[PDB]
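File shown here: work-v3.cif, holding mmCIF, C-alpha atoms.
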```cif
data_start
loop_
_atom_site.label_atom_id
_atom_site.label_comp_id
_atom_site.auth_asym_id
_atom_site.auth_seq_id
_atom_site.Cartn_x
_atom_site.Cartn_y
_atom_site.Cartn_z
CA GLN W 12 29.55 -16.27 48.19
CA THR W 13 27.30 -19.05 46.84
CA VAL W 14 27.91 -22.11 44.57
CA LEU W 15 25.06 -22.49 42.03
CA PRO W 16 23.37 -25.91 42.06
CA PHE W 17 24.10 -27.24 38.57
CA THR W 18 22.83 -30.67 39.55
CA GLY W 19 20.80 -33.32 37.72
CA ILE W 20 23.12 -33.86 34.73
CA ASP W 21 25.16 -36.88 33.53
CA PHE W 22 28.13 -34.92 32.21
CA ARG W 23 31.00 -32.87 33.65
CA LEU W 24 29.89 -29.22 33.73
CA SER W 25 33.21 -27.92 32.32
CA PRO W 26 32.01 -24.29 32.24
CA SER W 27 33.62 -21.99 29.62
CA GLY W 28 31.13 -19.12 29.58
CA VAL W 29 28.39 -17.68 31.83
CA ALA W 30 25.44 -15.39 31.23
CA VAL W 31 22.41 -14.17 33.16
CA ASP W 32 19.13 -12.89 31.65
CA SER W 33 16.38 -10.51 32.89
CA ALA W 34 14.79 -13.18 35.07
CA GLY W 35 17.93 -14.46 36.80
CA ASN W 36 18.16 -17.65 34.72
CA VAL W 37 21.89 -18.63 34.50
CA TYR W 38 23.30 -20.01 31.24
CA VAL W 39 26.64 -21.84 31.02
CA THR W 40 28.54 -23.27 28.04
CA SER W 41 29.74 -26.77 28.85
CA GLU W 42 33.01 -27.30 27.05
CA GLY W 43 33.51 -30.77 25.66
CA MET W 44 33.89 -32.43 22.23
CA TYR W 45 30.16 -32.80 22.78
CA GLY W 46 29.23 -29.17 23.51
CA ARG W 47 26.23 -28.01 25.52
CA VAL W 48 24.55 -24.85 26.80
CA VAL W 49 23.04 -25.59 30.22
CA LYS W 50 20.39 -23.39 31.87
CA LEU W 51 19.66 -23.11 35.62
CA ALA W 52 16.14 -21.64 36.01
CA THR W 58 18.56 -27.58 35.16
CA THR W 59 17.89 -28.05 31.42
CA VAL W 60 20.19 -28.64 28.45
CA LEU W 61 19.17 -26.19 25.70
CA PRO W 62 18.44 -27.77 22.23
CA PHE W 63 21.53 -26.60 20.35
CA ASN W 64 22.96 -29.09 17.82
CA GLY W 65 26.57 -29.61 16.78
CA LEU W 66 28.43 -27.44 19.31
CA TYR W 67 32.11 -28.33 19.42
CA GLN W 68 34.04 -26.81 22.39
CA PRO W 69 31.64 -23.91 22.92
CA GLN W 70 33.27 -20.76 24.31
CA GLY W 71 31.48 -17.43 24.81
CA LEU W 72 27.78 -16.90 25.28
CA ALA W 73 25.44 -14.00 25.82
CA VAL W 74 21.70 -13.54 26.25
CA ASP W 75 19.73 -10.44 25.23
CA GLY W 76 16.61 -8.81 26.67
CA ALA W 77 14.34 -11.08 24.58
CA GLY W 78 15.95 -14.22 26.01
CA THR W 79 17.75 -15.20 22.77
CA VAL W 80 21.00 -17.11 23.56
CA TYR W 81 24.08 -16.56 21.37
CA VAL W 82 27.02 -19.00 21.46
CA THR W 83 30.40 -19.23 19.74
CA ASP W 84 32.28 -22.47 19.25
CA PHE W 85 35.39 -24.00 17.64
CA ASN W 86 33.46 -25.02 14.56
CA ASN W 87 34.00 -21.27 13.82
CA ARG W 88 30.46 -20.05 14.04
CA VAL W 89 27.98 -18.14 16.15
CA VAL W 90 24.62 -19.84 16.68
CA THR W 91 21.48 -18.38 18.23
CA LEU W 92 18.42 -19.93 19.83
CA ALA W 93 15.35 -17.68 20.30
CA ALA W 94 13.56 -18.18 23.62
CA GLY W 95 11.59 -21.45 23.58
CA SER W 96 12.68 -22.38 20.01
CA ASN W 97 14.10 -25.79 19.02
CA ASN W 98 15.67 -24.53 15.74
CA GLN W 99 19.00 -22.70 16.06
CA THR W 100 20.14 -20.28 13.37
CA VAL W 101 23.70 -19.70 12.21
CA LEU W 102 24.63 -16.05 11.98
CA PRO W 103 26.34 -14.97 8.74
CA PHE W 104 29.75 -14.16 10.17
CA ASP W 105 32.53 -14.90 7.77
CA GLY W 106 36.02 -16.25 8.25
CA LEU W 107 36.08 -16.78 12.01
CA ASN W 108 39.07 -18.68 13.40
CA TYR W 109 38.69 -19.93 16.99
CA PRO W 110 36.18 -17.32 18.16
CA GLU W 111 36.10 -17.03 21.95
CA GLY W 112 34.18 -14.20 23.66
CA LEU W 113 30.84 -12.89 22.44
CA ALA W 114 28.72 -9.87 23.40
CA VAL W 115 25.33 -8.50 22.31
CA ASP W 116 24.48 -4.79 22.64
CA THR W 117 21.06 -3.17 23.36
CA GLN W 118 20.50 -2.68 19.57
CA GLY W 119 21.08 -6.42 18.96
CA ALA W 120 24.50 -6.16 17.27
CA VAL W 121 26.71 -9.17 17.99
CA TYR W 122 30.39 -8.81 18.79
CA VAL W 123 32.85 -11.70 18.55
CA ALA W 124 36.46 -11.82 19.72
CA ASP W 125 37.84 -13.68 16.72
CA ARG W 126 40.92 -14.81 18.57
CA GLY W 127 42.70 -16.62 15.77
CA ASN W 128 42.47 -13.52 13.52
CA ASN W 129 43.42 -10.95 16.20
CA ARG W 130 40.25 -8.97 15.65
CA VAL W 131 36.80 -8.17 16.93
CA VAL W 132 34.02 -8.49 14.37
CA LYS W 133 30.54 -7.01 14.60
CA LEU W 134 27.26 -7.97 12.93
CA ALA W 135 24.36 -5.49 13.16
CA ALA W 136 20.98 -7.17 13.82
CA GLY W 137 19.40 -8.58 10.62
CA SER W 138 22.60 -7.77 8.66
CA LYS W 139 24.62 -10.25 6.61
CA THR W 140 27.92 -8.39 6.17
CA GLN W 141 30.24 -7.97 9.14
CA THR W 142 32.47 -5.04 10.05
CA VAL W 143 35.90 -5.36 11.65
CA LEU W 144 36.15 -2.92 14.56
CA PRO W 145 39.08 -0.47 14.49
CA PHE W 146 41.14 -2.00 17.31
CA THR W 147 44.90 -1.89 16.86
CA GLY W 148 47.60 -4.26 17.94
CA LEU W 149 45.37 -7.04 19.32
CA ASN W 150 47.07 -10.34 20.08
CA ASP W 151 44.82 -13.36 20.78
CA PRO W 152 41.91 -11.36 22.19
CA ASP W 153 39.61 -13.50 24.27
CA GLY W 154 36.74 -11.68 25.97
CA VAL W 155 34.50 -8.91 24.66
CA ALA W 156 31.79 -6.77 26.28
CA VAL W 157 29.72 -3.76 25.24
CA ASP W 158 28.13 -1.20 27.58
CA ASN W 159 24.92 0.80 27.16
CA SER W 160 26.75 3.78 25.54
CA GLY W 161 28.25 1.45 22.92
CA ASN W 162 31.80 1.39 24.31
CA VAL W 163 33.45 -1.95 23.46
CA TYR W 164 35.87 -3.60 25.88
CA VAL W 165 38.24 -6.41 24.94
CA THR W 166 40.70 -8.49 26.89
CA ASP W 167 43.78 -8.35 24.71
CA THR W 168 45.14 -11.46 26.37
CA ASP W 169 48.63 -11.83 24.97
CA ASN W 170 49.28 -8.09 25.42
CA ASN W 171 48.28 -8.23 29.11
CA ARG W 172 45.83 -5.40 28.81
CA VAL W 173 42.17 -4.46 28.60
CA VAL W 174 41.34 -2.03 25.79
CA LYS W 175 38.21 0.06 25.26
CA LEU W 176 37.03 1.44 21.94
CA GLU W 177 35.29 4.68 23.00
CA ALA W 178 32.05 5.28 21.04
CA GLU W 179 32.37 9.11 21.17
CA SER W 180 35.96 9.49 19.91
CA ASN W 181 36.34 6.11 18.15
CA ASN W 182 39.80 6.04 19.81
CA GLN W 183 41.25 2.94 21.48
CA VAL W 184 42.46 3.44 25.09
CA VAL W 185 44.08 1.07 27.59
CA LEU W 186 42.17 0.81 30.89
CA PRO W 187 44.25 1.17 34.11
CA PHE W 188 43.90 -2.32 35.55
CA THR W 189 46.64 -2.90 38.15
CA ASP W 190 49.23 -5.52 37.18
CA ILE W 191 46.91 -7.59 35.01
CA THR W 192 48.34 -10.70 33.33
CA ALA W 193 46.64 -12.65 30.51
CA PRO W 194 43.12 -11.31 31.11
CA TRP W 195 40.49 -13.71 29.81
CA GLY W 196 36.88 -13.09 30.80
CA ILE W 197 35.18 -9.72 30.79
CA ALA W 198 31.85 -8.16 31.60
CA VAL W 199 30.55 -4.62 31.98
CA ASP W 200 27.62 -3.49 34.18
CA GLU W 201 25.09 -0.65 33.87
CA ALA W 202 27.44 1.86 35.66
CA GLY W 203 30.33 1.04 33.31
CA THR W 204 32.19 -1.07 35.88
CA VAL W 205 34.43 -3.52 34.09
CA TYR W 206 35.02 -6.98 35.62
CA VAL W 207 37.89 -9.13 34.42
CA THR W 208 39.31 -12.64 35.17
CA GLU W 209 42.88 -13.69 34.37
CA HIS W 210 44.79 -16.94 33.56
CA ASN W 211 47.62 -15.89 35.96
CA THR W 212 46.11 -15.41 39.38
CA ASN W 213 42.66 -16.95 40.13
CA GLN W 214 41.29 -13.47 40.91
CA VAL W 215 38.34 -11.59 39.56
CA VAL W 216 39.07 -7.86 39.47
CA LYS W 217 36.94 -4.76 38.86
CA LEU W 218 37.44 -1.16 37.73
CA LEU W 219 34.80 1.50 38.28
CA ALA W 220 34.27 3.89 35.38
CA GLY W 221 36.92 6.64 35.43
CA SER W 222 38.90 5.03 38.29
CA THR W 223 42.70 4.78 38.31
CA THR W 224 42.94 1.60 40.43
CA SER W 225 41.23 -1.81 40.17
CA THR W 226 40.30 -3.98 43.18
CA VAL W 227 40.05 -7.70 43.79
CA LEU W 228 36.61 -9.13 44.51
CA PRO W 229 36.39 -11.25 47.71
CA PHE W 230 35.79 -14.69 46.15
CA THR W 231 37.54 -17.56 48.05
CA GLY W 232 37.70 -20.97 46.48
CA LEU W 233 38.66 -20.07 42.92
CA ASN W 234 40.60 -22.25 40.51
CA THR W 235 40.87 -21.09 36.88
CA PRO W 236 38.03 -18.49 36.63
CA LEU W 237 37.36 -18.24 32.80
CA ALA W 238 34.21 -16.20 32.48
CA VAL W 239 32.27 -13.60 34.32
CA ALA W 240 28.78 -12.18 34.11
CA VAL W 241 26.97 -9.47 36.04
CA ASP W 242 23.18 -9.25 36.60
CA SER W 243 20.99 -6.18 37.09
CA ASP W 244 21.41 -6.43 40.92
CA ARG W 245 25.19 -6.25 40.17
CA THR W 246 25.71 -9.73 41.52
CA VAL W 247 28.78 -11.29 39.90
CA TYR W 248 28.91 -14.78 38.56
CA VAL W 249 32.13 -16.62 37.70
CA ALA W 250 32.74 -19.84 35.78
CA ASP W 251 35.23 -21.45 38.15
CA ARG W 252 36.45 -24.04 35.64
CA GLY W 253 39.04 -25.76 37.84
CA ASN W 254 36.34 -26.76 40.38
CA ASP W 255 33.60 -27.47 37.81
CA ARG W 256 31.19 -24.93 39.17
CA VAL W 257 29.71 -21.48 38.91
CA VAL W 258 30.08 -19.21 41.97
CA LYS W 259 28.19 -15.98 42.63
CA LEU W 260 29.00 -13.05 44.85
CA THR W 261 25.93 -11.03 45.82
CA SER W 262 26.23 -7.26 45.68
CA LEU W 263 25.41 -4.97 48.60
CA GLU W 264 21.67 -4.45 49.18
CA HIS W 265 21.62 -0.86 47.80
CA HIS W 266 22.13 -2.34 44.35
CA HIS W 267 19.02 -4.52 44.37
CA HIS W 268 16.67 -1.73 43.16
CA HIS W 269 16.50 -1.32 39.34
CA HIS W 270 14.19 -0.57 36.39
#
```
Take the structure in this file and express it as C-alpha cells.
Amino acid sequence: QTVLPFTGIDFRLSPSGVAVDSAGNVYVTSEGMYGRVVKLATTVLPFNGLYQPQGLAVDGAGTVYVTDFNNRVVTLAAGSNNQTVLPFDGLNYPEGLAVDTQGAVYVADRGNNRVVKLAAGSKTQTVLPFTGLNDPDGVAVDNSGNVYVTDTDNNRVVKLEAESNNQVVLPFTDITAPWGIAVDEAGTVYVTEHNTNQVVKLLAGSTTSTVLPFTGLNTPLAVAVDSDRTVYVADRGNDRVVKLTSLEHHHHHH
C-alpha cells in the first residue's frame, strides 16, 4: 500500500473521483466550490467553471470526462486547452461517469434516479433500462458492454447484462450504501461504501465478495483499476489517494 504524492499545490486535494490512463497518469477531481481536475504524471488541467466535480473517466486516447453539480459533462482532449460540453439533457446532480471502448459516455444521473448514455458523436441521449434505482452514484462499463451501477439508497450493485438486457443484482456480501465502482478487464467489480471504510471486490461469477487489505482508510469515495490491476482509492477523509499494487502475475498485459 502506497500514498500517491499529490504535492506542489496550494489547495486542499478533496478527492471525489479517480482515474488512471494507459500510461499510469492518475487523474483526480478536487471537490470544492472552485473545482479542479488534478493530474499526477502534478498539474491542474485547464478545465473552466467546474463546480463540485464528481465522477471522471479517461479513455484510450487520453480524453478526460468530468461531471459536476452545474449538471453537465465536460471533456478535454489530450493536450487541449478548450473543453467541450457534451449534449446531455436534463441532468440533476450527476455523480459517477464511465466511458466504454466505443466511446459512449455513461452518467449516473443521481437526482433523476437513472443512468443516461450518449453514443460518441451523438446528440440525443438514451435512458438505460434499469429499474427501481434510488440515488445511484457510481457507474462502470466492462469490455463486453455490461453496465454496473451502485444503487446507493437500495444497498445494492446492479448489472445490466448486454446479452439478455436483463438487470441482475450482484452478490456482494452485506453491502451498505455503495458509492464508488470500477470494473477490470476480467470483469472483477470493485466497490466502496459510505458505511464501512472498506473497498470490496467480486470476481466475475463469484458468490462471495472479499475485502481488499487497505489500512488507513477514511471515507473512500472512488476507485479505479489500471491494466496491472492495481487499485486506486480516493480516500477523502485523509485528503489522499492510496494504491494497492496487484500481485506480480498481473503485470503482463497487451
>> As an exercise, work out the distance from atom CA of residue 206 of chain W to atom CA of residue 155 of chain W in Å and give it to one decimal place.
In response: 11.1 Å
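Between residue 190 of chain W and the residues W:260, W:165, W:227, W:154, the shortest atom-to-atom distance, using all atoms listed in the file, involves W:227.
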>> Around (15.0, -9.1, 17.3), as given in the file, which residues come within 10 Å? Count only C-alpha atoms and list them as a VMD selection string.
In response: chain W and resid 75 to 77 79 93 118 to 120 136 to 137
> Hey, what comes out of the PyMOL selection byres ((chain W and resi 270) around 12) on this file? Could you write it as a PyMOL selection string?
Replying inline: chain W and resi 33+201+243-244+266-269
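Nearest-residue note for residue 141 of chain W: choosing from W:232, W:218, W:107, W:161, the minimum distance belongs to W:107, counting only C-alpha atoms.
Here the question is which of W:196, W:62, W:145, W:78 gets nearest to residue 252 of chain W using all atoms listed in the file, and that residue is W:196.
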> Hey, can you check how far atom CA of residue 209 of chain W sits from atom CA of residue 239 of chain W?
Replying inline: 10.6 Å
Tell me which residues the PyMOL selection byres ((chain W and resi 122-128) around 6) grabs here, as a PDB file with C-alpha atoms, in the coordinates of the input.
```
ATOM      1  CA  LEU W 107      36.080 -16.780  12.010  1.00  0.00           C
ATOM      2  CA  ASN W 108      39.070 -18.680  13.400  1.00  0.00           C
ATOM      3  CA  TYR W 109      38.690 -19.930  16.990  1.00  0.00           C
ATOM      4  CA  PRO W 110      36.180 -17.320  18.160  1.00  0.00           C
ATOM      5  CA  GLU W 111      36.100 -17.030  21.950  1.00  0.00           C
ATOM      6  CA  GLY W 112      34.180 -14.200  23.660  1.00  0.00           C
ATOM      7  CA  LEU W 113      30.840 -12.890  22.440  1.00  0.00           C
ATOM      8  CA  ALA W 114      28.720  -9.870  23.400  1.00  0.00           C
ATOM      9  CA  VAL W 121      26.710  -9.170  17.990  1.00  0.00           C
ATOM     10  CA  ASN W 129      43.420 -10.950  16.200  1.00  0.00           C
ATOM     11  CA  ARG W 130      40.250  -8.970  15.650  1.00  0.00           C
ATOM     12  CA  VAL W 131      36.800  -8.170  16.930  1.00  0.00           C
ATOM     13  CA  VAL W 132      34.020  -8.490  14.370  1.00  0.00           C
ATOM     14  CA  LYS W 133      30.540  -7.010  14.600  1.00  0.00           C
ATOM     15  CA  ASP W 151      44.820 -13.360  20.780  1.00  0.00           C
ATOM     16  CA  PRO W 152      41.910 -11.360  22.190  1.00  0.00           C
ATOM     17  CA  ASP W 153      39.610 -13.500  24.270  1.00  0.00           C
TER      18      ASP W 153
END
```
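Comparing W:84, W:255, W:242, W:167 by their smallest distance to residue 44 of chain W, the closest is W:84 (using only C-alpha atoms).
Nearest to residue 147 of chain W of all the residues W:13, W:181, W:27, W:226 is W:181, based on all atoms listed in the file.
Put simply, the PyMOL selection byres ((chain W and resi 26) around 8) in this file takes in residues 24, 25, 27, 28, 29, 39, 40, 41, 42, 250, 251, 252, 255, 256 and 257 of chain W.
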What would the file be for segment 211-246 of chain W if you keep C-alpha atoms and write it as a PDB file, in the first residue's frame?
```pdb
ATOM      1  CA  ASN W 211     -20.880   2.672   5.766  1.00  0.00           C
ATOM      2  CA  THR W 212     -17.617   0.897   6.431  1.00  0.00           C
ATOM      3  CA  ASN W 213     -14.356   2.403   5.039  1.00  0.00           C
ATOM      4  CA  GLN W 214     -13.735  -0.808   3.068  1.00  0.00           C
ATOM      5  CA  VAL W 215     -13.085  -1.411  -0.580  1.00  0.00           C
ATOM      6  CA  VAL W 216     -14.567  -4.750  -1.651  1.00  0.00           C
ATOM      7  CA  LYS W 217     -14.275  -6.883  -4.798  1.00  0.00           C
ATOM      8  CA  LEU W 218     -16.271  -9.588  -6.571  1.00  0.00           C
ATOM      9  CA  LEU W 219     -14.726 -11.799  -9.237  1.00  0.00           C
ATOM     10  CA  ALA W 220     -16.928 -12.484 -12.251  1.00  0.00           C
ATOM     11  CA  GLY W 221     -19.391 -15.297 -11.473  1.00  0.00           C
ATOM     12  CA  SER W 222     -18.403 -15.485  -7.783  1.00  0.00           C
ATOM     13  CA  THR W 223     -20.940 -15.824  -4.955  1.00  0.00           C
ATOM     14  CA  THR W 224     -18.880 -14.041  -2.265  1.00  0.00           C
ATOM     15  CA  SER W 225     -17.045 -10.686  -2.220  1.00  0.00           C
ATOM     16  CA  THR W 226     -13.822 -10.027  -0.279  1.00  0.00           C
ATOM     17  CA  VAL W 227     -12.318  -7.009   1.429  1.00  0.00           C
ATOM     18  CA  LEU W 228      -9.117  -5.593  -0.017  1.00  0.00           C
ATOM     19  CA  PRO W 229      -6.256  -5.168   2.518  1.00  0.00           C
ATOM     20  CA  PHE W 230      -6.066  -1.346   2.635  1.00  0.00           C
ATOM     21  CA  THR W 231      -5.278   0.049   6.147  1.00  0.00           C
ATOM     22  CA  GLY W 232      -5.620   3.729   6.775  1.00  0.00           C
ATOM     23  CA  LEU W 233      -8.933   4.437   5.068  1.00  0.00           C
ATOM     24  CA  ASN W 234     -11.387   7.175   5.987  1.00  0.00           C
ATOM     25  CA  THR W 235     -14.335   7.785   3.633  1.00  0.00           C
ATOM     26  CA  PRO W 236     -13.189   6.026   0.402  1.00  0.00           C
ATOM     27  CA  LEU W 237     -15.407   7.662  -2.358  1.00  0.00           C
ATOM     28  CA  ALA W 238     -13.958   6.474  -5.630  1.00  0.00           C
ATOM     29  CA  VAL W 239     -11.999   3.629  -7.040  1.00  0.00           C
ATOM     30  CA  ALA W 240     -10.091   2.984 -10.228  1.00  0.00           C
ATOM     31  CA  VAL W 241      -8.196  -0.019 -11.542  1.00  0.00           C
ATOM     32  CA  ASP W 242      -5.255   0.078 -14.009  1.00  0.00           C
ATOM     33  CA  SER W 243      -4.168  -2.518 -16.560  1.00  0.00           C
ATOM     34  CA  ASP W 244      -1.771  -4.122 -13.990  1.00  0.00           C
ATOM     35  CA  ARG W 245      -4.930  -4.473 -11.801  1.00  0.00           C
ATOM     36  CA  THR W 246      -3.518  -2.117  -9.218  1.00  0.00           C
TER      37      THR W 246
END
```
